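Engineer: For reference, the structure I am asking about is given below.
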Amino acid sequence: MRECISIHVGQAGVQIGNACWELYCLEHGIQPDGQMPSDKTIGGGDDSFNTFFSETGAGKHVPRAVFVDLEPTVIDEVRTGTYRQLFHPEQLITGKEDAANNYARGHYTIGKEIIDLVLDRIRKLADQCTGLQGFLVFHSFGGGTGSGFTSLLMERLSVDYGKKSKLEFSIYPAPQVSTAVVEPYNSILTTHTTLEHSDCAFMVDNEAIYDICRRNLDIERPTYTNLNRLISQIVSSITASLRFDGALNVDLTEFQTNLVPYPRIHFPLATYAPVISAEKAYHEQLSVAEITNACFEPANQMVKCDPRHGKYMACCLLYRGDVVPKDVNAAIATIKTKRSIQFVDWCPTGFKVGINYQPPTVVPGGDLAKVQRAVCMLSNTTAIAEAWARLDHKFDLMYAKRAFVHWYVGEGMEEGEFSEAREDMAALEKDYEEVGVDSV
Amino acid sequence: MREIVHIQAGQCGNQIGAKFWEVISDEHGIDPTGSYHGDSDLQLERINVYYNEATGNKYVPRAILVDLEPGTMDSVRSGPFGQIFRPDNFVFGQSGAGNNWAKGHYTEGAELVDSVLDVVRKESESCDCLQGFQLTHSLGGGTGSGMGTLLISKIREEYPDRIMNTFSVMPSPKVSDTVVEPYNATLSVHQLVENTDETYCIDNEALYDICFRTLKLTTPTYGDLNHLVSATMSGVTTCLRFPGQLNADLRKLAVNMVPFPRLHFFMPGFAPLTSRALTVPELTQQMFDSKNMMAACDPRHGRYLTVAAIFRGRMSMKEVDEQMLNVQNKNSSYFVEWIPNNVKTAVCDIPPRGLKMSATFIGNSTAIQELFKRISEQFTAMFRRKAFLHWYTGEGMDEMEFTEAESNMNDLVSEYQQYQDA
Ligand SMILES: Nc1nc2c(ncn2[C@@H]2O[C@H](COP(=O)(O)OP(=O)(O)OP(=O)(O)O)[C@@H](O)[C@H]2O)c(=O)[nH]1
Ligand SMILES: Nc1nc2c(ncn2[C@@H]2O[C@H](COP(=O)(O)OP(=O)(O)O)[C@@H](O)[C@H]2O)c(=O)[nH]1
Ligand SMILES: [Ca+2]
Ligand SMILES: [Ca+2]
Ligand SMILES: [Mg+2]
Ligand SMILES: [Mg+2]
């Protein structure tokens with residue numbers, strides 16, 4: 001009961017998937033062959049970790065996950081790497097030819113050829129669930145598969161699973177590690193087509209993660225591996241309430257009630273602390289107050305924007321590790337007596353808190369210090385729309401001259417789809433302005 | 001007028017309900033296995049009001065446990081007295097209600113309610129003469145609030161001539177789970193105004209303040225809140241549970257407490273407040289003190305329509321009568337003059353566990369309007385921008401139903417104000 005199915009789409013989706021599932025395994029005591037000695041009920045159970053792992057009679061704990069990509073070389077690494085026994089082969093699905101950084105090929109030309117198979121395999125996961133809660137979909141905005149195949153899949157999932165919850169982890173593009181000039185097109189197309197099919201979406205700005213790696217972990221030139229390890233800690237923090245139990249534990253769905261005041265306003269800002277090197281963490285114990293303080297430092301946000309220049313509609317603090325409410329409450333009181341935390345006039349200002357007692361883990365050979373306590377803040381702030389503004393502007397620059405548009409038109413798309421997607425984005429930025437204006 | 005059927009719904013409802021059964025079972029000498037081991041016959045004389053007698057001189061709570069998810073009732077069943085409850089009286093779904101009144105009332109709850117009523121009917125069927133029902137629940141969540149009020153409606157339809165009584169926990173931002181609590185509470189209050197005879201307004205605002213200000217609890221937990229609630233619940237049911245003259249059943253209580261049918265929302269109070277010797281004068285002063293009230297309303301801001309006072313322990317009845325008269329005679333302005341002799345007092349020899357003596361206060365005060373005004377303000381701050389409504393319209397509700405619930409709760413407020421000035 002309460003199963004969650006993860007779907008990792010395209011390179012970014014898949015590689016972030018690798019990092020998350022490795023991390024989950026370590027958090028839960030699951031070996032790379034899928035065995036979990038601590039689990040005494042063989043071949044099934046209703047433990048909290050079962051929301052993310054099914055079990056075979058032979059004692060294997062198998063991620064409720066599908067990996068999909070239109071070319072094979074990234075998933076081939078999963079097939080042949082360290083956690084290859086973790087996954088049944090049918091959970092890892094590949095085409096022969098990718099979307100070539102083109103939303104149209106991901107959604108139509110190439111995507112249409114593998115979509116029924118993907119849904120077949122997701123259906124196989126669903127049928128093993130006694131109370132499926134919904135899906136978590138991981139993907140880039142910028143890639144052809146991450147953008148166009150994800151959109152197609154989300155549209156088909158609404159049809160096939162009705163209103164079952166769909167949450168995204170969406171990788172927003174940064175010039176430091178982007179690989180296509182047309183990513184702004186792909187980002188707007190997929191955001192427009194997915195918007196009505198997603199209940200909640202956590203954007204991860206590659207530039208924010210890149211900066212955090214450079215600045216807080218002293219990594220000269222971060223690789224995807226560096227980025228993904230940090231992303232996985234954040235993803236882990238958000239899903240921990242689903243995977244562990246606890247008296248002070250608060251379900252992600254409960255935070256969602258507070259995070260989403262209107263269906264379209266469904267993009268929380270995540271902020272994570274502490275991100276600190278082993279070198280800096282040694283003999284330096286960061287207190288509940290210190291990590292909570294860090295949540296209101298914009299440098300620690302997963303999306304670049306300035307909440308101090310916007311308005312809050314919700315603030316949620318998801319703690320893990322050695323943390324009790326007394327200390328949280330005191331930390332919050334201080335922060336209120338000293339910060340630019342302004343709420344819209346129609347929302348209560350109380351911070352919503354959950355605590356999972358299981359301490360954070362790190363992957364061997366990684367950059368993050370192992371710490372006793374960590375926190376992820378999820379806020380609903382009007383400032384997140386800055387990310388849409390930056391992207392919409394880049395789209396406008398190119399689209400005005402119709403730069404690269406022939407690549408999409410050649411794959412069957414119409415200019416009408418571009419203008420329609422861009423207008424939806426204009427309306428979304430307007431939605432974020434409106435919700436911040438005072439009541440009359 | 002003998003048997004009461006108890007129902008507890010949703011997380012809050014079940015947690016406070018479980019504590020209520022633990023507490024009164026101890027008071028009546030019933031151990032966790034339903035065996036009696038007391039030393040007084042006062043304990044068993046009216047035990048049938050709350051317990052069925054099974055085989056082997058076993059006593060079984062006449063209690064039905066309801067939820068739309070299993071979690072809290074798994075905990076109840078694991079709880080100290082969890083084995084005393086009748087296993088078939090645990091009725092639960094798997095879906096949860098997501099703090100959503102619409103889910104509890106119209107969709108998820110709809111699917112489960114019939115099976116609850118099958119159990120209620122089986123309970124009522126063995127009653128020699130059912131008085132009515134008591135429901136424990138919160139108003140801020142989904143199951144206790146939305147499904148709890150659905151139940152009350154269906155129960156009324158099936159037992160329209162029986163008394164409906166609730167212990168209803170009112171939400172507060174100070175002790176809040178979600179932002180939609182004001183919505184769920186306003187929707188529920190309209191149900192309560194129409195379909196209960198007597199409602200104890202238990203305000204999480206008041207409970208928190210008492211824990212913080214008075215009991216010196218820096219960081220009050222729901223458990224600390226529930227200590228106060230279970231102590232209060234024991235107090236207000238003393239007259240139903242032990243031999244006595246006044247308010248000895250639910251209908252006579254309603255007749256003594258409710259001068260106009262809609263105005264049936266009571267502010268409870270308790271003394272001494274607990275987390276070694278109290279005089280009758282001190283009990284009396286503390287029981288009437290705003291700081292001892294479980295609804296966060298200033299009783300000097302309104303008037304008392306009716307009051308019931310219950311004193312427990314060995315003490316001078318002469319002194320009790322003197323002190324109760326002294327309260328009325330020295331603060332006579334706060335008691336409406338158009339209901340003569342509107343304060344009734346009971347005394348019960350058995351004190352609650354851990355105290356030599358105690359007092360419980362049940363007030364029907366026009367000041368209760370402050371609690372509804374507070375909910376009404378919170379409701380409106382959001383509803384004016386239709387904020388968070390999609391959670392409800394997604395379950396098939398429309399805005400008009402919100403407008404109506406709001407109007408009826410504002411009507412209730414205006415009605416208290418009317419008798420405050422009369
Ligand atoms: N954080 C992070 N970003 C990634 C990773 N891999 C690719 N990206 C980003 O994702 C975007 C490119 O999309 P991809 O996921 O590689 O492409 P795809 O979904 O496989 O689509 P096609 O190759 O066109 O079929 C760029 O913005 C990259 O910087 C990764 O492992 N981690
Ligand atoms: N006093 C008290 N209040 C509670 C408890 N549990 C939840 N609440 C309150 O009840 C409301 C949440 O509703 P809840 O009963 O948990 O949801 P439900 O299971 O859908 O009925 C909020 O106002 C909480 O503050 C409890 O054990 N004691
Ligand atoms: Ca197991
Ligand atoms: Ca169902
Ligand atoms: Mg690719
Ligand atoms: Mg709850």
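Just remember, in the structure tokens the first chain shown is A, the second B, etc., residues are 1-based per chain, and ligands are 1-based in the order shown.
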Hey, which residues sit close to ligand 3? Say within 8 Å, counting only C-alpha atoms and all ligand atoms, and write them as an MDAnalysis selection string.
Structural biologist: chainID A and resid 39:47 50 55 59
Engineer: How would you write, as JSON, numbers by chain, the set of residues no farther than 7 Å from ligand 6 when counting only C-alpha atoms and all ligand atoms?
Structural biologist: {"B": [11, 12, 99, 141, 177]}
Engineer: Can you pull out every residue from region 22-249 of chain B that DSSP, working from the backbone, puts in helix (DSSP H, G or I), and format the result as a ChimeraX atom specification?
Structural biologist: /B:22-28,41-43,47-49,71-78,87-89,101-105,108-125,143-158,181-195,204-214,222-241
Engineer: Within 12 Å of residue 145 (chain B), counting only C-alpha atoms, which residues qualify if same-chain residues fewer than 4 places away don't, as an mmCIF file with N, CA, C and O atoms, in the first residue's frame?
Structural biologist:
```cif
data_model
loop_
_atom_site.group_PDB
_atom_site.id
_atom_site.type_symbol
_atom_site.label_atom_id
_atom_site.label_comp_id
_atom_site.auth_asym_id
_atom_site.auth_seq_id
_atom_site.Cartn_x
_atom_site.Cartn_y
_atom_site.Cartn_z
ATOM 1 N N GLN B 8 -15.455 6.977 17.521
ATOM 2 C CA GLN B 8 -14.298 7.857 17.407
ATOM 3 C C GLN B 8 -13.749 7.747 15.986
ATOM 4 O O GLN B 8 -13.583 6.647 15.454
ATOM 5 N N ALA B 9 -13.506 8.894 15.363
ATOM 6 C CA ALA B 9 -13.270 8.925 13.930
ATOM 7 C C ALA B 9 -12.008 9.694 13.610
ATOM 8 O O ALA B 9 -11.841 10.826 14.055
ATOM 9 N N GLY B 10 -11.153 9.080 12.797
ATOM 10 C CA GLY B 10 -9.982 9.770 12.270
ATOM 11 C C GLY B 10 -8.861 9.827 13.288
ATOM 12 O O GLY B 10 -8.988 9.277 14.380
ATOM 13 N N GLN B 11 -7.756 10.488 12.939
ATOM 14 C CA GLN B 11 -6.583 10.458 13.801
ATOM 15 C C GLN B 11 -6.880 11.080 15.191
ATOM 16 O O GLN B 11 -6.774 10.401 16.217
ATOM 17 N N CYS B 12 -7.220 12.364 15.226
ATOM 18 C CA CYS B 12 -7.504 13.034 16.506
ATOM 19 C C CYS B 12 -8.589 12.266 17.264
ATOM 20 O O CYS B 12 -8.420 11.889 18.430
ATOM 21 N N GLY B 13 -9.703 12.014 16.589
ATOM 22 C CA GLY B 13 -10.822 11.327 17.217
ATOM 23 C C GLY B 13 -10.407 10.048 17.917
ATOM 24 O O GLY B 13 -10.790 9.798 19.067
ATOM 25 N N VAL B 66 -13.246 4.282 13.885
ATOM 26 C CA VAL B 66 -13.381 4.543 12.471
ATOM 27 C C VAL B 66 -12.211 5.356 11.969
ATOM 28 O O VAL B 66 -11.817 6.355 12.586
ATOM 29 N N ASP B 67 -11.679 4.934 10.829
ATOM 30 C CA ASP B 67 -10.722 5.755 10.102
ATOM 31 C C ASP B 67 -10.634 5.366 8.633
ATOM 32 O O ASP B 67 -11.003 4.274 8.262
ATOM 33 N N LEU B 68 -10.124 6.276 7.813
ATOM 34 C CA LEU B 68 -9.988 6.017 6.382
ATOM 35 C C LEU B 68 -8.559 5.559 6.065
ATOM 36 O O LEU B 68 -8.223 5.281 4.916
ATOM 37 N N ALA B 97 -7.736 10.425 3.970
ATOM 38 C CA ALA B 97 -8.621 11.508 3.535
ATOM 39 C C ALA B 97 -7.864 12.796 3.221
ATOM 40 O O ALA B 97 -8.483 13.796 2.909
ATOM 41 N N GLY B 98 -6.544 12.782 3.359
ATOM 42 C CA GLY B 98 -5.722 13.920 2.969
ATOM 43 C C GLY B 98 -6.163 15.272 3.535
ATOM 44 O O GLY B 98 -6.053 16.285 2.855
ATOM 45 N N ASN B 99 -6.637 15.291 4.783
ATOM 46 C CA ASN B 99 -7.046 16.533 5.433
ATOM 47 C C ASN B 99 -8.078 17.269 4.605
ATOM 48 O O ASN B 99 -8.094 18.493 4.527
ATOM 49 N N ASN B 100 -8.956 16.498 3.986
ATOM 50 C CA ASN B 100 -9.870 17.042 3.024
ATOM 51 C C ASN B 100 -11.287 16.625 3.378
ATOM 52 O O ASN B 100 -11.636 15.454 3.244
ATOM 53 N N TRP B 101 -12.086 17.589 3.839
ATOM 54 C CA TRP B 101 -13.486 17.351 4.231
ATOM 55 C C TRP B 101 -14.298 16.728 3.098
ATOM 56 O O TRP B 101 -15.146 15.876 3.333
ATOM 57 N N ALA B 102 -14.070 17.179 1.868
ATOM 58 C CA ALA B 102 -14.780 16.616 0.727
ATOM 59 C C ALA B 102 -14.523 15.111 0.607
ATOM 60 O O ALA B 102 -15.455 14.349 0.385
ATOM 61 N N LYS B 103 -13.279 14.677 0.792
ATOM 62 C CA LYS B 103 -12.947 13.239 0.724
ATOM 63 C C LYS B 103 -13.612 12.448 1.834
ATOM 64 O O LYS B 103 -14.142 11.367 1.592
ATOM 65 N N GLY B 104 -13.562 12.977 3.046
ATOM 66 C CA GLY B 104 -14.206 12.350 4.184
ATOM 67 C C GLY B 104 -15.730 12.300 4.056
ATOM 68 O O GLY B 104 -16.358 11.314 4.427
ATOM 69 N N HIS B 105 -16.327 13.343 3.495
ATOM 70 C CA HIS B 105 -17.787 13.473 3.467
ATOM 71 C C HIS B 105 -18.486 12.928 2.228
ATOM 72 O O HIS B 105 -19.619 12.444 2.322
ATOM 73 N N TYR B 106 -17.828 13.028 1.072
ATOM 74 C CA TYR B 106 -18.478 12.811 -0.222
ATOM 75 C C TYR B 106 -17.900 11.685 -1.084
ATOM 76 O O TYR B 106 -18.624 11.118 -1.905
ATOM 77 N N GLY B 109 -15.078 8.756 2.221
ATOM 78 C CA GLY B 109 -15.894 8.439 3.394
ATOM 79 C C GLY B 109 -17.202 7.790 3.003
ATOM 80 O O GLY B 109 -17.712 6.886 3.688
ATOM 81 N N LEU B 135 -19.645 11.178 19.810
ATOM 82 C CA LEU B 135 -18.624 11.101 18.784
ATOM 83 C C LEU B 135 -17.389 11.895 19.190
ATOM 84 O O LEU B 135 -17.501 13.049 19.570
ATOM 85 N N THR B 136 -16.207 11.295 19.077
ATOM 86 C CA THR B 136 -14.987 12.061 19.249
ATOM 87 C C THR B 136 -14.352 12.273 17.882
ATOM 88 O O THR B 136 -14.243 11.338 17.084
ATOM 89 N N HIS B 137 -13.950 13.503 17.600
ATOM 90 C CA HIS B 137 -13.306 13.795 16.320
ATOM 91 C C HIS B 137 -12.725 15.194 16.321
ATOM 92 O O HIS B 137 -13.080 16.006 17.155
ATOM 93 N N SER B 138 -11.854 15.481 15.362
ATOM 94 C CA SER B 138 -11.451 16.853 15.116
ATOM 95 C C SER B 138 -12.230 17.431 13.938
ATOM 96 O O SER B 138 -12.783 16.683 13.146
ATOM 97 N N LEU B 139 -12.244 18.763 13.830
ATOM 98 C CA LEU B 139 -12.915 19.444 12.746
ATOM 99 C C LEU B 139 -11.939 19.923 11.652
ATOM 100 O O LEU B 139 -12.380 20.302 10.572
ATOM 101 N N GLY B 140 -10.636 19.880 11.928
ATOM 102 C CA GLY B 140 -9.625 20.419 11.019
ATOM 103 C C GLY B 140 -9.068 19.490 9.930
ATOM 104 O O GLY B 140 -8.455 19.963 8.978
ATOM 105 N N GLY B 141 -9.256 18.179 10.087
ATOM 106 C CA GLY B 141 -8.785 17.192 9.139
ATOM 107 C C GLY B 141 -9.873 16.761 8.164
ATOM 108 O O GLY B 141 -10.786 17.527 7.840
ATOM 109 N N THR B 149 -18.981 14.002 10.341
ATOM 110 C CA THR B 149 -20.266 14.666 10.142
ATOM 111 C C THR B 149 -21.164 13.926 9.150
ATOM 112 O O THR B 149 -22.375 14.025 9.265
ATOM 113 N N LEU B 150 -20.600 13.181 8.194
ATOM 114 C CA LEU B 150 -21.426 12.335 7.328
ATOM 115 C C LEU B 150 -22.148 11.306 8.197
ATOM 116 O O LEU B 150 -23.349 11.086 8.059
ATOM 117 N N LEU B 151 -21.388 10.670 9.079
ATOM 118 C CA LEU B 151 -21.914 9.678 10.007
ATOM 119 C C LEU B 151 -23.054 10.204 10.882
ATOM 120 O O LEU B 151 -24.060 9.549 11.076
ATOM 121 N N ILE B 152 -22.834 11.375 11.448
ATOM 122 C CA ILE B 152 -23.819 12.018 12.291
ATOM 123 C C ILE B 152 -25.112 12.189 11.507
ATOM 124 O O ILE B 152 -26.178 11.906 12.009
ATOM 125 N N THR B 166 -21.299 15.414 20.729
ATOM 126 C CA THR B 166 -19.909 15.335 20.239
ATOM 127 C C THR B 166 -18.884 16.042 21.107
ATOM 128 O O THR B 166 -19.180 17.041 21.770
ATOM 129 N N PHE B 167 -17.674 15.488 21.102
ATOM 130 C CA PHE B 167 -16.473 16.171 21.553
ATOM 131 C C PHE B 167 -15.714 16.533 20.290
ATOM 132 O O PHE B 167 -15.165 15.660 19.620
ATOM 133 N N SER B 168 -15.716 17.819 19.960
ATOM 134 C CA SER B 168 -15.232 18.275 18.668
ATOM 135 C C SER B 168 -14.021 19.181 18.839
ATOM 136 O O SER B 168 -14.109 20.284 19.378
ATOM 137 N N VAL B 169 -12.877 18.716 18.356
ATOM 138 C CA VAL B 169 -11.645 19.474 18.507
ATOM 139 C C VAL B 169 -11.512 20.526 17.395
ATOM 140 O O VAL B 169 -11.483 20.204 16.202
ATOM 141 N N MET B 170 -11.398 21.784 17.792
ATOM 142 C CA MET B 170 -11.362 22.901 16.847
ATOM 143 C C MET B 170 -9.914 23.232 16.544
ATOM 144 O O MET B 170 -9.104 23.334 17.456
ATOM 145 N N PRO B 171 -9.598 23.458 15.267
ATOM 146 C CA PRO B 171 -8.207 23.708 14.872
ATOM 147 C C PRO B 171 -7.735 25.101 15.257
ATOM 148 O O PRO B 171 -8.557 26.008 15.455
ATOM 149 N N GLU B 181 -7.413 23.812 7.319
ATOM 150 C CA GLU B 181 -8.204 23.511 8.521
ATOM 151 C C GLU B 181 -9.420 24.414 8.710
ATOM 152 O O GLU B 181 -10.485 23.931 9.082
ATOM 153 N N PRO B 182 -9.272 25.728 8.458
ATOM 154 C CA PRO B 182 -10.432 26.618 8.580
ATOM 155 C C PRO B 182 -11.574 26.231 7.637
ATOM 156 O O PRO B 182 -12.717 26.335 8.047
ATOM 157 N N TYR B 183 -11.265 25.792 6.416
ATOM 158 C CA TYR B 183 -12.270 25.254 5.490
ATOM 159 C C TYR B 183 -12.982 24.009 6.042
ATOM 160 O O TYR B 183 -14.229 23.923 6.062
ATOM 161 N N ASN B 184 -12.197 23.034 6.477
ATOM 162 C CA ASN B 184 -12.802 21.810 6.997
ATOM 163 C C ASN B 184 -13.630 22.125 8.251
ATOM 164 O O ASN B 184 -14.675 21.526 8.471
ATOM 165 N N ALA B 185 -13.182 23.063 9.069
ATOM 166 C CA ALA B 185 -13.891 23.331 10.316
ATOM 167 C C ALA B 185 -15.187 24.085 10.068
ATOM 168 O O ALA B 185 -16.198 23.829 10.743
ATOM 169 N N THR B 186 -15.180 25.009 9.109
ATOM 170 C CA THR B 186 -16.408 25.755 8.798
ATOM 171 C C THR B 186 -17.459 24.822 8.198
ATOM 172 O O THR B 186 -18.626 24.851 8.588
ATOM 173 N N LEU B 187 -17.041 23.964 7.271
ATOM 174 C CA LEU B 187 -17.950 22.977 6.677
ATOM 175 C C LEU B 187 -18.564 22.072 7.764
ATOM 176 O O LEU B 187 -19.754 21.780 7.745
ATOM 177 N N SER B 188 -17.736 21.646 8.713
ATOM 178 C CA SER B 188 -18.188 20.800 9.806
ATOM 179 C C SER B 188 -19.117 21.502 10.800
ATOM 180 O O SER B 188 -20.106 20.932 11.258
ATOM 181 N N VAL B 189 -18.803 22.746 11.136
ATOM 182 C CA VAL B 189 -19.623 23.468 12.083
ATOM 183 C C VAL B 189 -21.055 23.550 11.573
ATOM 184 O O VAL B 189 -21.973 23.344 12.340
ATOM 185 N N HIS B 190 -21.264 23.805 10.286
ATOM 186 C CA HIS B 190 -22.638 23.855 9.785
ATOM 187 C C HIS B 190 -23.340 22.527 10.034
ATOM 188 O O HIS B 190 -24.507 22.498 10.455
ATOM 189 N N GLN B 191 -22.637 21.425 9.800
ATOM 190 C CA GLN B 191 -23.216 20.108 10.085
ATOM 191 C C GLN B 191 -23.597 20.013 11.577
ATOM 192 O O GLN B 191 -24.701 19.573 11.930
ATOM 193 N N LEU B 192 -22.682 20.425 12.444
ATOM 194 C CA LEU B 192 -22.920 20.328 13.894
ATOM 195 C C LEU B 192 -24.087 21.205 14.343
ATOM 196 O O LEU B 192 -24.931 20.771 15.113
#
```
Engineer: Residues within 9 Å of ligand 4 should be enumerated using only C-alpha atoms and all ligand atoms and returned as a PyMOL selection string.
Structural biologist: chain B and resi 93-95+107-108+111-112
Engineer: Would you list the residues that come within 7 Å of ligand 1? Count only C-alpha atoms and all ligand atoms and give the answer as JSON, numbers by chain.
Structural biologist: {"A": [9, 10, 11, 12, 13, 15, 16, 69, 70, 71, 98, 99, 100, 101, 102, 106, 139, 140, 141, 142, 143, 144, 145, 146, 147, 171, 172, 173, 174, 177, 178, 179, 183, 206, 224, 225, 227, 228]}
Engineer: Could you give me, as a short mmCIF file (atom, residue, chain, number, x, y, z; two decimals) with N, CA, C and O atoms, in the first residue's frame, the residues within 8 Å of region 206-214 of chain B, counting only C-alpha atoms and dropping anything in the same chain fewer than 5 positions from it?
Structural biologist:
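Final output, saved to out-v5.cif:
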```
data_model
loop_
_atom_site.label_atom_id
_atom_site.label_comp_id
_atom_site.auth_asym_id
_atom_site.auth_seq_id
_atom_site.Cartn_x
_atom_site.Cartn_y
_atom_site.Cartn_z
N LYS B 174 -1.94 27.75 15.89
CA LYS B 174 -0.87 27.52 16.87
C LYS B 174 -0.50 26.05 16.98
O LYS B 174 0.59 25.69 17.45
N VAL B 175 -1.43 25.21 16.57
CA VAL B 175 -1.25 23.78 16.65
C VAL B 175 -1.95 23.25 15.39
O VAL B 175 -3.04 22.70 15.44
N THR B 219 7.37 22.85 25.13
CA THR B 219 7.08 22.28 23.83
C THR B 219 5.98 21.22 23.95
O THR B 219 6.26 20.03 23.98
N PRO B 220 4.72 21.67 24.02
CA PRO B 220 3.58 20.76 24.17
C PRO B 220 3.41 19.87 22.97
O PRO B 220 3.50 20.35 21.84
N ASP B 224 0.40 15.87 25.35
CA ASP B 224 0.11 16.81 26.41
C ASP B 224 -1.26 17.43 26.22
O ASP B 224 -1.99 17.65 27.18
N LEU B 225 -1.60 17.76 24.98
CA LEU B 225 -2.92 18.33 24.71
C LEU B 225 -3.99 17.33 25.16
O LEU B 225 -4.98 17.72 25.77
N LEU B 228 -5.16 16.99 28.92
CA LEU B 228 -6.25 17.89 29.26
C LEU B 228 -7.58 17.41 28.73
O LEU B 228 -8.62 17.56 29.40
N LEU B 273 -5.72 22.27 37.16
CA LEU B 273 -5.04 21.95 35.92
C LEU B 273 -3.75 21.19 36.23
O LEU B 273 -2.94 21.61 37.08
N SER B 275 -0.44 18.38 34.76
CA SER B 275 0.38 17.84 33.67
C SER B 275 0.44 16.31 33.73
O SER B 275 1.22 15.67 33.01
N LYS B 291 -8.63 30.90 32.35
CA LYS B 291 -7.41 30.12 32.16
C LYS B 291 -7.64 28.61 32.28
O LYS B 291 -6.78 27.81 31.91
N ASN B 292 -8.81 28.22 32.78
CA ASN B 292 -9.12 26.80 32.95
C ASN B 292 -10.11 26.32 31.89
O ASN B 292 -10.54 25.17 31.92
N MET B 293 -10.47 27.22 30.98
CA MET B 293 -11.42 26.92 29.90
C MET B 293 -10.72 26.28 28.69
O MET B 293 -9.63 26.70 28.30
N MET B 294 -11.37 25.29 28.08
CA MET B 294 -10.81 24.55 26.95
C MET B 294 -11.28 25.10 25.59
O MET B 294 -11.01 24.50 24.55
N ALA B 295 -12.03 26.20 25.61
CA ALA B 295 -12.39 26.92 24.39
C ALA B 295 -11.86 28.32 24.58
O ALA B 295 -12.17 28.96 25.59
N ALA B 296 -11.09 28.82 23.62
CA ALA B 296 -10.29 30.02 23.86
C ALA B 296 -11.17 31.24 23.70
O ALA B 296 -11.01 32.02 22.76
#
```
Engineer: List every residue of region 91-330 of chain B that DSSP, applied to the backbone, labels as strand (DSSP E or B), and write the result as an NGL selection string.
Structural biologist: :B and (91-92 or 132-138 or 163-170 or 172 or 175 or 198-203 or 265-271 or 293 or 304-312)
Engineer: Now that the selection is made, can you save its residues with C-alpha atoms as a CSV table (one decimal), in the first residue's frame?
Structural biologist:
```csv
chain,number,residue,atom,x,y,z
B,91,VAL,CA,-13.7,-0.2,10.8
B,92,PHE,CA,-11.1,1.3,8.5
B,132,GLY,CA,-27.9,8.1,22.1
B,133,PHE,CA,-24.4,8.6,20.7
B,134,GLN,CA,-21.1,10.4,21.5
B,135,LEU,CA,-18.6,11.1,18.8
B,136,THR,CA,-15.0,12.1,19.2
B,137,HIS,CA,-13.3,13.8,16.3
B,138,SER,CA,-11.5,16.9,15.1
B,163,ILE,CA,-29.5,12.3,21.4
B,164,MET,CA,-26.4,13.2,19.4
B,165,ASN,CA,-23.4,14.5,21.5
B,166,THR,CA,-19.9,15.3,20.2
B,167,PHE,CA,-16.5,16.2,21.6
B,168,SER,CA,-15.2,18.3,18.7
B,169,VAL,CA,-11.6,19.5,18.5
B,170,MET,CA,-11.4,22.9,16.8
B,172,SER,CA,-5.8,26.6,15.6
B,175,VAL,CA,-1.3,23.8,16.6
B,198,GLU,CA,-24.8,19.0,22.5
B,199,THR,CA,-21.2,19.7,21.4
B,200,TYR,CA,-18.2,20.2,23.6
B,201,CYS,CA,-16.0,22.7,21.9
B,202,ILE,CA,-12.4,21.6,22.6
B,203,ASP,CA,-10.1,24.3,21.2
B,265,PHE,CA,-21.9,24.5,21.8
B,266,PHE,CA,-20.4,24.2,25.3
B,267,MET,CA,-17.2,25.7,26.7
B,268,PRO,CA,-15.7,23.0,29.1
B,269,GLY,CA,-13.3,23.9,31.9
B,270,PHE,CA,-11.4,21.8,34.5
B,271,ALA,CA,-9.6,22.2,37.9
B,293,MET,CA,-11.4,26.9,29.9
B,304,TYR,CA,-23.8,32.5,30.6
B,305,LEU,CA,-27.1,31.1,29.3
B,306,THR,CA,-26.7,27.9,31.5
B,307,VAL,CA,-23.9,26.2,33.4
B,308,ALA,CA,-23.3,22.8,34.8
B,309,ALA,CA,-20.7,22.3,37.5
B,310,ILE,CA,-19.5,18.9,38.7
B,311,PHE,CA,-17.3,18.4,41.8
B,312,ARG,CA,-15.5,15.1,42.5
```
Engineer: Measure the distance from CA of residue 155 (chain A) to CA of residue 92 (chain A) in Å and round it to one decimal.
Structural biologist: 20.9 Å
